[PDB]
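> experimental structure and sequence below.
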Amino acid sequence: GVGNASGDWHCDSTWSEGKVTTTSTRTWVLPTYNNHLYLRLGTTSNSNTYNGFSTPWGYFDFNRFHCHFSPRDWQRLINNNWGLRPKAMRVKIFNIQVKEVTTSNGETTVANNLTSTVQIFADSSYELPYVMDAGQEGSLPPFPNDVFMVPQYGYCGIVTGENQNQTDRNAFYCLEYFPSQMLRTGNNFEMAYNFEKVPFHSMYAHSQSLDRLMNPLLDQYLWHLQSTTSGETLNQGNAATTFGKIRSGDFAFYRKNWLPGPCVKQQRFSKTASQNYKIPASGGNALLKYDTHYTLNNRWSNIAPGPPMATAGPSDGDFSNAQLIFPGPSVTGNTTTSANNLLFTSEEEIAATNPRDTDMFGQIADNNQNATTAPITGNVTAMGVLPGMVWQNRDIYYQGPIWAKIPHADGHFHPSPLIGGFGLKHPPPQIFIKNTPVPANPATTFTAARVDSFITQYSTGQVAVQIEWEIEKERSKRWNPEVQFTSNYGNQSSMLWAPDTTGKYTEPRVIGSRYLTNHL
Amino acid sequence: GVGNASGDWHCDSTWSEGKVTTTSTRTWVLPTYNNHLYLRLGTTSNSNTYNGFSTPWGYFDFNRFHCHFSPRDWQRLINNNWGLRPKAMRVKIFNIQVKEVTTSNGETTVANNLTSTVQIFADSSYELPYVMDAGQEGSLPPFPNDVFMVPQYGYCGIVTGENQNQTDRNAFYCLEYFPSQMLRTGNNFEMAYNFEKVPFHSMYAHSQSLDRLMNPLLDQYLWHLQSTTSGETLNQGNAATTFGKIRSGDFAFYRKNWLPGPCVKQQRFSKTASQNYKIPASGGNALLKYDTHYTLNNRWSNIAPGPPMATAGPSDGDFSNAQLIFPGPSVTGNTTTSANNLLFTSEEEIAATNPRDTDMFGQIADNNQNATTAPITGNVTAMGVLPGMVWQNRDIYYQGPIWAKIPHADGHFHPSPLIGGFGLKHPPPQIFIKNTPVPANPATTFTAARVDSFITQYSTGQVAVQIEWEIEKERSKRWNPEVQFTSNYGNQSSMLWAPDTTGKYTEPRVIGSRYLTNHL
Amino acid sequence: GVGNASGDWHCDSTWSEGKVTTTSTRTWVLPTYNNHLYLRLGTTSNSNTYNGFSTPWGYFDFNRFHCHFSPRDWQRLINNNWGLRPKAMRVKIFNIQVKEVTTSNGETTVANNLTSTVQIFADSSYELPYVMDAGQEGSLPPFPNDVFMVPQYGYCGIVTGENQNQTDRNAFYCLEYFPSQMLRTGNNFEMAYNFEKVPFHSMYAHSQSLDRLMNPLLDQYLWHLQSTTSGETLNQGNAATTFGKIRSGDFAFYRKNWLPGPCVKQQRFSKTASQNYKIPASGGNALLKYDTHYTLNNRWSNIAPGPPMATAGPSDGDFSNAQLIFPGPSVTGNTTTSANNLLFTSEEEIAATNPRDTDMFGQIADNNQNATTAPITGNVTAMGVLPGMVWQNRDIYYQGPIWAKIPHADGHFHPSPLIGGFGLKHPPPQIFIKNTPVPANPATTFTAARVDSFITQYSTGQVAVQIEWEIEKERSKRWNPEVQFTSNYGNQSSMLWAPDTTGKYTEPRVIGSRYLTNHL
Ligand SMILES: Nc1ncnc2c1ncn2[C@H]1C[C@H](O)[C@@H](COP(=O)(O)O)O1
Ligand SMILES: Nc1ncnc2c1ncn2[C@H]1C[C@H](O)[C@@H](COP(=O)(O)O)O1
Ligand SMILES: Nc1ncnc2c1ncn2[C@H]1C[C@H](O)[C@@H](COP(=O)(O)O)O1
């Protein structure tokens, strides 16, 4: 009925010995996009050209972690458990209120239209292109008491060449072609979903460095050739070759059982403006050209933080493109001069297992040495996976995405979003929503032309998302106290992680999940 | 209730090994026609005069194919099955929203009137004159997200003579005389119907030409007279008559078992303006007079695309009145100079079985030859059906009508709408709808005169139509790959068969159903 | 509920071998009469004075035939059956919509007031004075798609003398003193009733003339005196009286078994202005005085079409007050000069059984003849019923009333409304309706005076009436084809019995029910 609420606002976290369940609700506003029509989209810009469509529909996105975890909760989670992975989810939209706007002259009036319908469907079948997954605004806001605007749905189409235009292959997906539920106030929508078994994300830092796992005290039983000649001078000395049983201490020489990492090199820049070479953002030598990129169908796509690699700590004066950058509290606009106002994610913790972003993978003999010809070593920058390699994935972040859909392709290797998160073949479905059109008074004599005059409307209501996370406690045997993340903030005039006098809420730092320790 | 939606918007196609089921929904607007009154109609113009009535009611029409098939679906259908025929249908109207308009000065305001009634009835009994069937706008729009205006219902009355006026025979049908359902928001209407067994429409092209079905290798065992005299000169030669056993190769002479087609000749025009003789559109020699027409009760009615016949291909520079013409994307107004902006349907495929539109049926001896008198052949233009004739019907088109009602008459022959489609004795019933009147404030003292002051209202809601089609797969034994319809469009700036940047949607080409092949 | 319709609009006729059932619906508007108060009424004009009251209530009246029969139906009925008589009825009012009017300056605004009540009761008990019965507007309109205004209820009180004033006897009936149902939107009202057995109305014309029913071939066996004297001259001749056996041919002399009619003479006027004597409408010799009237309690009441009698055919140049006059299509105002614009009912058919309106009943010997004194015949103008009389009742008319209530009196004779129709002791009850009052904002301090400030309101909804008629087929043995009523209208520019270009609907002719024939 019109008079009855169709759902209660509950946001909660319930913790278990084995599983924690998060639940949060938010209020949303839904405009009328593109005055009700699908629009072709395309621009051709050389290293950017793209093509696609913009839709009258909007969608709900809960892909950021902070959507379901209050800071404290995130804390609880990461200081206590080694791994976590999502198990099941369920969503419900309710208290739909459709508003109609009179828009008188000078003043715009708004009043409820009780008999109006907003339509929601979610598609399981994954027939619509998935977009919820990468790098984008629209997720519910972290702070509960913040109303948000449902994002408009638009999708990309395959672009052939450096020039944007469409081939027969390009396709059009029309949301109205799908069956969807129609609601009015007093109507509600609900759906459930079960995640697929997925590797627990590792929420620990290695307490051992891969290269040396051996017993410091003993020495291998293998021998290596130590020197072709005597002395410490490169090209002089007595001819004889000498072999020696690998002894305790010459660890760098120990034959090991594993190779540390897959790797792609990244350019490095210094946070101090002064240190960098001059590089423009446009023109023949715009930065893009010098930053590690992957050429695809004639178009440079700059590699996103790439195959997981070690990166300078957050405080460090140098930073690489490999690390993710978050706004930070103080920044006002879209652009800023000093990087002291930004937040940098860093994977120092990964260093124990795999190569550094700005440094190389290693160096290989790139030549066959000989008495008359000197040995030459080649610098290796790109290294595909090799038998016996072991690496760590990029960590997840409080404000980082949670899942991402694994491309529907013949081949994929070690799916783990590179931006961080769990790779799913069938990820939480995008739930679409749109305000049904309505018509302005219409002409008395019939005209075939499609109607174009519509009443102005917008809707609002609350959505509630609940996720059941499966986690695993630590159970370590380490004796010395671990590192844990605790605020440690100095005396503050207006406390952190809280709304302020203005009433504004902003997240102070970016937070990872690897504080606990574990050995290899 | 007011608060609950009364139906969900589902548009879908579900495909089966034997039957495909289409389902689509749309939103509609219903004005108030003729300020609530039935109006007599008639004009007397000489080759057009007509008489009838216009009604306050409106009706739903789903007679165009594209109403139920998305382009892709239509594709799927035609590249795979030989025949198709509709089996059953069901419709439902819901989410009725009645609006009332304040119409203040300068600004017109619109607000919901919750307690208002719109009335729908559909008549099975076919007591009202059927009109849904021919050549007319009003069908639901092809693209789902397009709102449409319900068509106003008006019907024609029998006109006697070249002058319009009415005889006692003329009749008046008043929609209020039928019982109909009354709805308010929260009320819905639904109905079902079952098509009658009907010949599967042929969705194939003949891979054999009727005239020669015989075995190329052998020769008949019959003899024909080949020549009355010797030489190759028409009136000279040796007297003797010669007979010869019909041999392989003289196929044109083979006695056959069947005659190719029923036929009516059509004038032909050239797409190149220059080629045609000059012909006005008005006056004593307006085109109408020269285009093949059938005289009925003193009135020329120009024959619609006539008895199925072969027609020039679409690209051809010449076109006949026999072919159907569709607007085409680019055309702006009601009229255009160059036919390059139009779309032409063509029945080249039919050529294998029956005569060409612009050419004749054949030529008959129109005389008894004799040694002193030469033989004369008559050109045959009109040919009624003869025993042993076999012909193909006009193809259906993606945007062509689907069914048409078979006239209630003593005699009909080979009912197949000539415009294309399935001929039904009892076709899907016309569903009528109208907004119930309401009254402006009315005078305090009683007056017999019928009330004439009404509140201004219009309504809107969605209708959903579902049709269950019975189809039959091909099962051919042809070895070489068939022709199939695939887009083949060149690189396009704004892809075809899709909305564009303006947001406009228009169909690129007219599409038939005969791409698959089959032998006679 | 507010959102649900409370009844469907069905108008229908279903025909049976023995009984036809009519059903029709209409939409109505109900004002607020007399600003909510009963008002005394009286004027004293000499031959008109009257006294009574006007009520805030309104009533539904379905007393005209055309309310339930579409022309065609009426046709079907009368060309096929000899008699008809109503059997049962049932009514229902629904979709009540109460409107409230804002009445701003210059512009009057109207909006729904959902919580408002309109009250309906029908009284069986016949405690309220019946008025539905005679000669009055307010019946539902014939054409279905015509909205009508509910009539205001007012009743007459007994007037003593030529002067209007009231005696103790005069009574006041207050509708609020009766229990009535209260409705709001979503509420509906319904009631049923059963007619009482009543003589089938005769829908036939006599094919025999009363005066001669005897066998033309034979001659009575009685003798009458033919002549007192010889010759053909009135006062001369031979004395002897002569008697003669009544022979075949001297039919006027045959002693018969029955007397033809009850009768009252009527003045006759000629449709041609020229023929009449000059007579004013006012003053000492206003027409009224010369037109046959019945003096009651000192007041002339002009006799309504009187005791059934024969009347000139409709086309005839002379017409009498005995015939009923209907407006006719073309007439614009309340008054007209030429009677060619009117419609006249006529009872030529009755002539076979009873006397003519303008002519006399017969002539009686008004004296005792004697040899010295001549015989004198008296002209008889008024003739009460005599043993052995047989007469026909006035016919019913398509637009004539159906029933009328038989006065509650000690004595009534051969009840048959004189205006035509069925006489019932307990006729279909008057159904009363009124919009409940509502109050304008009222003063903060209490005042005993009855409230007088009310919000302005009016209501509307549909009423549906169903009547079950019992009819009896003809079953005649007449050989020659009967007369039947068929349109026979000439070619018309705008067909008859139908709405026109203006959209106006008007009935062309008045139609009776006696087309079929039957013998005495
Ligand atoms: N996040 C995520 N989603 C899906 N699949 C993943 C993910 N991370 C690793 N993998 C895959 C990569 C290999 O297919 C497999 C190896 O199992 P392992 O047990 O890791 O040796 O696990
Ligand atoms: N579209 C359509 N509707 C109704 N009747 C049709 C149609 N097409 C052909 N026919 C009729 C014409 C003949 O009555 C009959 C011959 O059956 P046949 O099997 O074709 O030899 O089929
Ligand atoms: N219309 C109507 N209503 C009520 N009573 C009527 C009517 N017409 C005639 N009568 C009465 C008059 C006598 O009381 C009775 C004679 O029955 P009969 O069978 O006619 O000889 O029928």
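It's in. Numbers count the residues shown, from 1 in each chain, chains lettered A, B, ... in the order given. Ligands and ions are numbered 1, 2, ... in the order given.

> which residue, other than its chain neighbours, is closest to residue A:60?
Nearest residue to residue A:60 in three dimensions, chain neighbours excluded: residue A:431, at 4.7 Å (C-beta to C-beta, 6 or more residues apart in numbering or on different chains). C-betas here are computed from N, CA, C, even on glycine.

> what bridges to the one you found?
On the basis of DSSP bridges, residue A:431 is bridged to residue A:60, residue A:122.

> so how many other residues sit close to it?
22 (other C-beta atoms under 10 Å in any protein chain shown).

> neighbouring strands for the longest strand along chain A, and are they parallel or not?
In chain A, taking DSSP state E as the definition, the longest strand is strand A:81-101. Using DSSP bridges, strand A:81-101 pairs in its sheet with strand A:110-112 (antiparallel), strand A:189-194 (antiparallel), strand A:201-202 (antiparallel), strand A:457-473 (antiparallel).

> would you format those as CSV with mean neighbour count and distance to ligand 2 included?
What follows is the strands paired with strand A:81-101, written out as CSV (neighbours: other C-beta atoms under 10 Å in any protein chain shown; distance: least, C-beta to the nearest ligand atom, whole Å):
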stretch, mean neighbour count, distance to ligand 2
strand A:110-112, 12, 52
strand A:189-194, 15, 44
strand A:201-202, 20, 64
strand A:457-473, 20, 46
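
> distance-wise, check the residue of chain A found nearest chain B relative to residue B:13.
Closest residue of chain A to chain B, C-beta to the nearest C-beta: residue A:179 (3.0 Å). Going from residue A:179 to residue B:13 by C-beta to C-beta, to the nearest Å gives 11 Å.

> what is in contact with the two at once?
Taking C-beta atoms under 8 Å, 6 or more residues apart in numbering or on different chains as the contact rule, residue A:179 and residue B:13 both touch residue B:23.

> closest to ligand 1 out of the strands paired with strand A:81-101?
Closest to ligand 1 of the strands paired with strand A:81-101 is strand A:201-202 (C-beta to the nearest ligand atom; 7.2 Å).

> ok, and does the closest one reach over to ligand 1?
No. Strand A:201-202 does not reach ligand 1 (C-beta under 6 Å from any ligand atom); its nearest approach is 7.2 Å.

> again with stretch A:423-434
Yes. Among the residues of stretch A:423-434, residue A:423 lie within reach of ligand 1 under C-beta under 6 Å from any ligand atom.

> which other residues reach that stretch?
The contact list for stretch A:423-434 (C-beta under 8 Å, 6+ apart) reads A:30, A:56-62, A:89, A:91, A:93, A:118-124, A:126, A:128, A:130-133, A:150, A:153, A:175, A:180, A:191, A:193, A:195-196, A:198, A:403-406, A:415-417.

> go on, stretch A:59-72?
A:13, A:22-24, A:28, A:74, A:77, A:91, A:93, A:131-133, A:136, A:138-140, A:142, A:150-151, A:153, A:396-403, A:428, A:430-433, A:463, A:465, A:467, A:497, A:507.

> in PyMOL, how would I select the buried members of these?
With 16 or more other C-beta atoms under 10 Å in any protein chain shown as the criterion, this PyMOL line picks the buried residues out of the contacts of stretch A:59-72:
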select buried, chain A and resi 13+22+23+24+28+74+77+91+93+131+132+133+138+139+140+142+150+151+153+396+397+398+399+400+401+402+403+428+430+431+432+433+463+465+467+507
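
> narrow the contacts of stretch A:59-72 to those in strands?
A:13, A:22-24, A:28, A:91, A:93, A:153, A:403, A:431-433, A:463, A:465, A:467.

> and which of those is nearest residue A:260?
Of all the ones in strands among the contacts of stretch A:59-72, residue A:260 sits closest to residue A:403, with 27.6 Å by C-beta to C-beta.

> quick one: residues contacting that closest one.
Counting by C-beta under 8 Å, 6+ apart, residue A:403 has contacts A:63, A:86, A:133, A:417, A:421-424, A:427-428.

> again, only using 10 Å
By C-beta atoms under 10 Å, 6 or more residues apart in numbering or on different chains, the contact set of residue A:403 is A:62-63, A:86, A:132-133, A:195, A:198, A:417, A:421-424, A:427-428.

> top of the residues you listed by neighbour count?
Neighbour counts for these, by other C-beta under 10 Å, peak at residue A:428, which reaches 26 neighbours.

> show me where chain A has its helices.
Here chain A has its helices, by DSSP state H, at A:71-80, A:287-290.

> what angle sits between the first one and strand A:457-473?
Counting by axes from the mean of the first three to the mean of the last three C-alpha atoms, to 10 degrees, helix A:71-80 points 20 degrees away from the direction of strand A:457-473.

> quick check: buried residues in helix A:71-80?
Residues of helix A:71-80 classed as buried: A:71, A:73-75, A:77-79 (neighbour count, 16+ other C-beta under 10 Å).

> with respect to residue C:311, which of those is nearest?
Nearest member of the buried residues of helix A:71-80 to residue C:311, counting by C-beta to C-beta, is residue A:73, at 101.2 Å.
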